[PDB]
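Student: Sequence, then structure. It's an experimental one.
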Amino acid sequence: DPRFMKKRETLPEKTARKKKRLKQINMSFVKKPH
Amino acid sequence: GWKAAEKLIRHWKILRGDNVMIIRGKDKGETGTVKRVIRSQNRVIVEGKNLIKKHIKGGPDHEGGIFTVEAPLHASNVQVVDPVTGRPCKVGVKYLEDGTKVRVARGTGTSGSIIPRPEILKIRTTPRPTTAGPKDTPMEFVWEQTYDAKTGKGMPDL
Amino acid sequence: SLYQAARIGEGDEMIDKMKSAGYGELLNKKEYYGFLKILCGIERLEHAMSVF
Amino acid sequence: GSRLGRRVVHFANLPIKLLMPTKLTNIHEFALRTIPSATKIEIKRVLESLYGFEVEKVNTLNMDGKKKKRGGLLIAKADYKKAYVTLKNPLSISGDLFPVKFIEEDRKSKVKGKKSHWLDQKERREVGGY
Amino acid sequence: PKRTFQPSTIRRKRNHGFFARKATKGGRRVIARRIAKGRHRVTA
Amino acid sequence: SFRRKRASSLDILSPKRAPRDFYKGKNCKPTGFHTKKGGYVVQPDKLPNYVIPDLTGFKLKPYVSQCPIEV
Amino acid sequence: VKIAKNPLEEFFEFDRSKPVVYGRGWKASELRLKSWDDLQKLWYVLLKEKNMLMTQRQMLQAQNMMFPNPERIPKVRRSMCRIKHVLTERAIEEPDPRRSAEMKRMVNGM
RNA sequence: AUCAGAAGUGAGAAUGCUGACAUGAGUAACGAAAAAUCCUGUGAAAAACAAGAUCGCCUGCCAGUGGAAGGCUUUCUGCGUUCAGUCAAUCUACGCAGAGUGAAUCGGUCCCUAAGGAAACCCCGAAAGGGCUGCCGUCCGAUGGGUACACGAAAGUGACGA
RNA sequence: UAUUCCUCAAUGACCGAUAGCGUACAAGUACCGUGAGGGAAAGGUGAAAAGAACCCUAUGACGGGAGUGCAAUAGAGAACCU
RNA sequence: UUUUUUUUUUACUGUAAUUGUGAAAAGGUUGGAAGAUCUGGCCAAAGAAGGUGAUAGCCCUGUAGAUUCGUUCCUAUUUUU
RNA sequence: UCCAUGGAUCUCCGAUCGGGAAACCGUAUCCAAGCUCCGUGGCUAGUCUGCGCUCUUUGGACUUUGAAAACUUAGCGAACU
Ligand SMILES: [K+]
Ligand SMILES: [K+]
Ligand SMILES: [K+]
Ligand SMILES: [K+]
Ligand SMILES: [K+]
Ligand SMILES: [K+]
Ligand SMILES: [K+]
Ligand SMILES: [Mg+2]
Ligand SMILES: [Mg+2]
Ligand SMILES: [Mg+2]
Ligand SMILES: [Mg+2]
Ligand SMILES: [Mg+2]
Ligand SMILES: [Mg+2]
Ligand SMILES: [Mg+2]
Ligand SMILES: [Mg+2]
Ligand SMILES: [Mg+2]
Ligand SMILES: [Mg+2]
Ligand SMILES: [Mg+2]
Ligand SMILES: [Mg+2]
Ligand SMILES: [Mg+2]
Ligand SMILES: [Mg+2]
Ligand SMILES: [Mg+2]
Ligand SMILES: [Mg+2]
Ligand SMILES: [Mg+2]
Ligand SMILES: [Mg+2]
Ligand SMILES: [Mg+2]
Ligand SMILES: [Mg+2]
Ligand SMILES: [Mg+2]
Ligand SMILES: [Mg+2]
Ligand SMILES: [Mg+2]
Ligand SMILES: [Mg+2]
Ligand SMILES: [Mg+2]
Ligand SMILES: [Mg+2]
Ligand SMILES: [Mg+2]
Ligand SMILES: [Mg+2]
Ligand SMILES: [Mg+2]
Ligand SMILES: [Mg+2]
Ligand SMILES: [Mg+2]
Ligand SMILES: [Mg+2]
Ligand SMILES: [Mg+2]
Ligand SMILES: [Mg+2]
Ligand SMILES: [Mg+2]
Ligand SMILES: [Mg+2]
Ligand SMILES: [Mg+2]
Ligand SMILES: [Mg+2]
Ligand SMILES: [Mg+2]
Ligand SMILES: [Mg+2]
Ligand SMILES: [Mg+2]
Ligand SMILES: [Mg+2]
Ligand SMILES: [Mg+2]
């Protein structure tokens, strides 16, 4: 049976990484109660 | 009016239940115990210190009048009391023989003893219910076993 | 049916119950070959050799 | 197995939210809310198989979600589907169940503002729509 | 008097719709220009 | 639950706010086929079948009890 | 009192009285000990409970009344997620190709 | 401070730009020759609101019934008067909250084509593209023709003006 | 050798809410146009909300006292430093 | 087949340890509150920066570094028709 | 709670299976191979063989390349002044 036989970052990835860092920077400050 | 670009404190050397001394403010020079830590404002509440007077209007549910509760202090306004000499001291990090993190007294003039982690932390804020509810499975039924891959117990309807 | 459903322990225990019920003369080579064909078609080779 | 049918569902997840009827006795139909991608045959078969209803007919209609617009800012709720199910035999709802009595008592607060003949029926079938 | 805007939804979609703009080379440049500007309503 | 949308999402054409021959639909699965006379024929093999086992006498419950028993 | 007389009485909480207490949800380690029949029966029990809770929330909100204990709904919802994850985990571990491809359809089918 | 350095360096006027505030002025006006009057009630306040009585206006293109095009919750019930209404409004197409639209036959979807549009093949053209829809030929397009299987056609037809 | 739809770090005799990007604030938004297209406005209580319990006069406190606070013309509901 | 293990040592924008560790004393006066002023000790391969009730090197988070982890190498990825 | 790594689920348009008023509609692709279950036909009747589909595995048949600012190389190429 032929089953039991043994056998750089893209621009969207850089954009997702930058977006996550942008959220993480906003979440680093003291929240203003309101 | 929170105009300052103040960052959060990520790792707290101040724990709920610790014994501190207020070093700055209206109640400077007075000792107490930490009741609650407000992390999102970098503030703490000392038990019975830094009081304020609130004018609360009472409706059909809550009672009115002028109450008196504690107001938060900044987390850099308190300082942990050395357990030996009783004077406030700084907190450093020491590794034990296992490799367990502890808090040790730091500062010239201090004993360098271990700041004990308070015992109030292990006690639950919301205690467990005494009695089960009418839609709760008793623990003798959950722990029984009906699936076993080696003997093929409980296989589907294939 | 239990061998097609891959309930090997219950099928073995049903074999033993049919033995103790006085019907064991019915297991000729044909029905054991049928059980082996079922188990090999559902890929249970260790239990197939146990049944063997 | 797979020879039984082309569409066989073992784990249904159709959400059904019942609407409280006006009367407590002699209920001939009831209404419910569900997701917009449900079909009359799906609702009838789920209600028959899961709960044990005796369904006669199912009538549906679509609704838009509630919206609020304040000049540029828009907030909204999800769209839903409303279904009317007609029963073969009348059913009833007890008063002692929460929150039936509160619903009736709050409903009656908003709405504050003999000659029987021979062969006259008492409990007649009250079904609306087409 | 009879004003100039007399509405008709099918005419609006047949002149300024997404697949009406996508059909010719000028409308494809219109769609690219709108997306580059950042409009919320790319098509009519 | 109220959630935020864009105000430009009101411009997307819906059959509630369209001329009388506009048809969109709500992604329901089909159950048959259209006829040449404007009708419909429901093919019974495409209807869903539900396999709901008998739940009477079941001992498990929606929640798990949280009484203090042991560490 | 304690048992519904109609299918219509199953959209109501008949045992609600004295604060009523509800437990936590099922964990995956506790679900990994159960058979397929018990897991299917538990799925349908949780489905009926979820229908009751959503009906109760809608009925109470329709008269400007608060929904008591809203945390019951996510417990049921995440328990129902864990059941499907456990069944798919078994369907991966099934060694026969046809049986695994049929168990995945039995789980994910709709 | 002093002594030096770099300049987006000094306002009264460009029928200059933006904002704020005056004058005319408590002046014109309160928008179709149908029209109002009174008892009671609610309210802090009633010519304008609720209910009732008396009078008038519209009846084949301002005024009645159903609904196409467009609008998109303006519909109904409770609460309210900050905004809007040519009001000092208790009322409302106004704000808050909830509810409401049920189809084998109605109107669509579906089938078929017109005017028209587009692909394929072929023809032409610095590029982009333009033509061609048939001799064998495809997909859309109602303002029209159809309402209880599928396949085929050298059969009839559907089929029409003033 | 050319450029920056992009990433990381650093600098400024660069600007400081009619300035600096059109956008310090949920902006290519609201709004205008059939369409291509044009295109805004709007920053700040106080260290901490301790954001004024209670009394009097009005239909109604945003008023006059009382109280919190260093300070109350520092008393606001996309707006209260001078 | 698996597990334990001899396994060299530097470089690194590896802008690695999101946020790991990381030094440094007490008094007096004014002030709503001390970082201010007076007396007086200490750290610096750390006096870049931002907070805390006014202007803080020693109150807080960090910073220089030092330890830990991981890419090359030592330690050749070889053998078979 | 949180973090690192690996997993399970993973709606639709843009868009590419066909149609299209973008976010909708209709869709079991086709043909060889070998395997459990299924039903039916035929023999001299016992480890007898021969016909099918549904769904599963492995191949091969048709096609779906595809975006993007400036830079680069080419084609055509103004007018105000
Ligand atoms: K001027
Ligand atoms: K209409
Ligand atoms: K002041
Ligand atoms: K470091
Ligand atoms: K401090
Ligand atoms: K400092
Ligand atoms: K010239
Ligand atoms: Mg602050
Ligand atoms: Mg309908
Ligand atoms: Mg969204
Ligand atoms: Mg409509
Ligand atoms: Mg769809
Ligand atoms: Mg699913
Ligand atoms: Mg100048
Ligand atoms: Mg000037
Ligand atoms: Mg002038
Ligand atoms: Mg001017
Ligand atoms: Mg006058
Ligand atoms: Mg005059
Ligand atoms: Mg006049
Ligand atoms: Mg009157
Ligand atoms: Mg009236
Ligand atoms: Mg007349
Ligand atoms: Mg006319
Ligand atoms: Mg409205
Ligand atoms: Mg109305
Ligand atoms: Mg008014
Ligand atoms: Mg008034
Ligand atoms: Mg009203
Ligand atoms: Mg209204
Ligand atoms: Mg019809
Ligand atoms: Mg034609
Ligand atoms: Mg053409
Ligand atoms: Mg062409
Ligand atoms: Mg086409
Ligand atoms: Mg056609
Ligand atoms: Mg027509
Ligand atoms: Mg005709
Ligand atoms: Mg500006
Ligand atoms: Mg200014
Ligand atoms: Mg301004
Ligand atoms: Mg527009
Ligand atoms: Mg007040
Ligand atoms: Mg100030
Ligand atoms: Mg670090
Ligand atoms: Mg330090
Ligand atoms: Mg600093
Ligand atoms: Mg100051
Ligand atoms: Mg497509
Ligand atoms: Mg390119």
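Tutor: Ah, there it is. Numbering: from 1, shown residues only, chains lettered A, B, ... in the order given. Ligands and ions are numbered 1, 2, ... in the order given.
Student: quick check, residue B:80 in a strand?
Tutor: Yes. Checked against DSSP: H, G, I helix; E, B strand; the rest coil, residue B:80 lies within a strand.
Student: who are the neighbours in contact with it?
Tutor: Counting by C-beta atoms under 8 Å, 6 or more residues apart in numbering or on different chains, residue B:80 makes contact with B:13, B:14, B:18, B:19, B:20, B:88, B:89, B:90, B:91, B:103, B:105, B:115. To be clear about C-beta, it is placed using only N, CA and C from the backbone, and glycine gets the same treatment.
Student: The fifth one: what secondary structure?
Tutor: Think residue B:20. Assigned by three-state DSSP, the conformation of residue B:20 is strand.
Student: which parts of chain B sit against chain F?
Tutor: Counting by C-beta under 8 Å from any C-beta of the partner chain, the residues of chain B close to chain F are B:128-133, B:135-139, B:141-142.
Student: Let's see that with 6 Å instead.
Tutor: Residues of chain B that fall close to chain F, judged by C-beta under 6 Å from any C-beta of the partner chain: B:128, B:132, B:135, B:136, B:137, B:138, B:141.
Student: Give me the subset of these lying in strands.
Tutor: Members of the residues of chain B next to chain F lying in strands (criterion: DSSP state E): B:136, B:137.
Student: of the residues of chain B next to chain F, buried ones?
Tutor: When these are checked for burial by 16 or more other C-beta atoms under 10 Å in any protein chain shown, the buried set is B:132, B:135, B:136, B:137.
Student: Report the buried members of the contacts of residue B:80.
Tutor: When the contacts of residue B:80 are checked for burial by 16+ other C-beta under 10 Å, the buried set is B:14, B:18, B:19, B:20, B:88, B:89, B:91, B:103, B:105, B:115.
Student: tell me the contacts of the second one?
Tutor: The contact partners of residue B:18, taken as C-beta atoms under 6 Å, 6 or more residues apart in numbering or on different chains, are B:34, B:80, B:118.
Student: next one: the last one
Tutor: Applying C-beta under 6 Å, 6+ apart to residue B:115 gives the contacts residue B:103.
Student: coming back round to it: adding distance to residue E:26, write the buried ones among the contacts of residue B:80 out as JSON lines.
Tutor: Formatted as JSON lines, the buried ones among the contacts of residue B:80 follow (distance: C-beta to C-beta, whole Å):
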{"residue": "B:14", "distance to residue E:26": "67"}
{"residue": "B:18", "distance to residue E:26": "72"}
{"residue": "B:19", "distance to residue E:26": "77"}
{"residue": "B:20", "distance to residue E:26": "73"}
{"residue": "B:88", "distance to residue E:26": "76"}
{"residue": "B:89", "distance to residue E:26": "77"}
{"residue": "B:91", "distance to residue E:26": "71"}
{"residue": "B:103", "distance to residue E:26": "72"}
{"residue": "B:105", "distance to residue E:26": "78"}
{"residue": "B:115", "distance to residue E:26": "75"}
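Student: between those, which is nearest residue E:31?
Tutor: Set against residue E:31, the nearest of these by C-beta to C-beta is residue B:14 (57.5 Å).
Student: list the contacts for the spatially most central residue of chain E?
Tutor: In chain E, the centroid-proximal residue (C-alpha atoms, centre = their mean) is residue E:16; its distance is 2.8 Å. Contacts for residue E:16 were tallied using C-beta under 6 Å, 6+ apart; they are residue E:44.
Student: Give me the neighbour count for whichever residue of chain D sits closest to RNA strand K.
Tutor: Across chain D, the shortest distance to RNA strand K (C-beta to the nearest atom of the strand) belongs to residue D:2, at 4.0 Å. When counting by other C-beta atoms under 10 Å in any protein chain shown, one arrives at 12 neighbours for residue D:2.
Student: Setting the sequence-adjacent residues aside, check what's closest to it.
Tutor: residue G:102 (6.2 Å; C-beta to C-beta, 6 or more residues apart in numbering or on different chains).
Student: can you tell me which helix or strand the one you found belongs to?
Tutor: helix G:97-108 (DSSP states H and E).
Student: How far off centre is that helix?
Tutor: Relative to its parent chain, helix G:97-108 has a centroid offset of 22 Å by C-alpha atoms, centre = their mean, to the nearest Å.
Student: Mind listing what's buried along stretch G:7-16?
Tutor: When neighbours are counted by 16+ other C-beta under 10 Å, the buried residues of stretch G:7-16 are found to be G:7, G:8, G:10, G:11, G:12, G:13, G:14.
Student: Would you confirm that the fifth one contacts residue D:97?
Tutor: Yes. Counting by C-beta atoms under 6 Å, residue D:97 is a contact partner of residue G:12 at 4.3 Å.
Student: which stretches of chain F form strands?
Tutor: For chain F, the strands defined by DSSP E occupy F:3-5, F:32-34, F:40-42, F:49-50, F:63-64.
Student: And the residue of chain E that's closest to chain F?
Tutor: Ranked by C-beta to the nearest C-beta, the top residue of chain E for proximity to chain F is residue E:40, at 3.9 Å.
Student: now do chain C
Tutor: Ranked by C-beta to the nearest C-beta, the top residue of chain C for proximity to chain F is residue C:5, at 15.8 Å.
Student: Regarding that residue, what is its secondary structure?
Tutor: The three-state label for residue C:5, taken from three-state DSSP, comes out as coil.
Student: In contact with it, which residues?
Tutor: Applying C-beta under 6 Å, 6+ apart, one finds that residue C:5 lies in contact with residue B:155.
Student: quick one: it and chain E, what's the gap?
Tutor: Here the distance between residue C:5 and chain E works out to 54 Å (C-beta to the nearest C-beta, to the nearest Å).
Student: List the buried residues for the longest strand along chain D?
Tutor: Taking residue count as the measure and DSSP E as the definition, the longest strand of chain D comes out as strand D:80-91. Counting neighbours by 16+ other C-beta under 10 Å, one finds that the buried residues in strand D:80-91 are D:80, D:81, D:83, D:84, D:85, D:86, D:87, D:91.
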